[PDB]
């Protein structure tokens, strides 16, 4: 049976500076035959490819700040962000490479609590506010391109239907 990685929670609304804890549960033991546990944590920022953060359960990859911490054993693993920064926002995936097929978790979206009023951006810095603005454009063009690809799939059966007349 394939290893199922169940991630909790689906969404983690936080404020900047909060502590974050993401949990990944495996359906079975993910200890490789060589004795190592290849539990990895990836972060996909909006509009970018996934990037490796934690390898072998608890080891930080190169260039990963020490506010990221990984732990766990058996079937329960946890990724912790001590103090959430703006650059940490995105989707976090857990990943096992101990048993074929290698499987990913469902993903956990670390997003900003929007509350009821948008004055929480007043405490933000301009540079972080600009990064959030610069990130929204690739998300929009992606959502737009999905619409364009969808309608391309709806136009072809029409022409083929007129064609087969």
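Positions refer to the first chain, counted from 1.
The stretch with the higher mean CA B factor, choosing between 123-131 and 102-110, is 123-131. For the pair 134-142 and 48-56, the mean Cα B-factor is higher in 134-142. In this entry, the residue among 38, 68, 118, 42 with the greatest C-alpha B factor is 118.
When the CA B factors of the chain's modelled residues are split into thirds, the value for residue 159 lands in the highest one. Sorting the modelled residues of the chain by their CA temperature factor places residue 5 in the lowest third.
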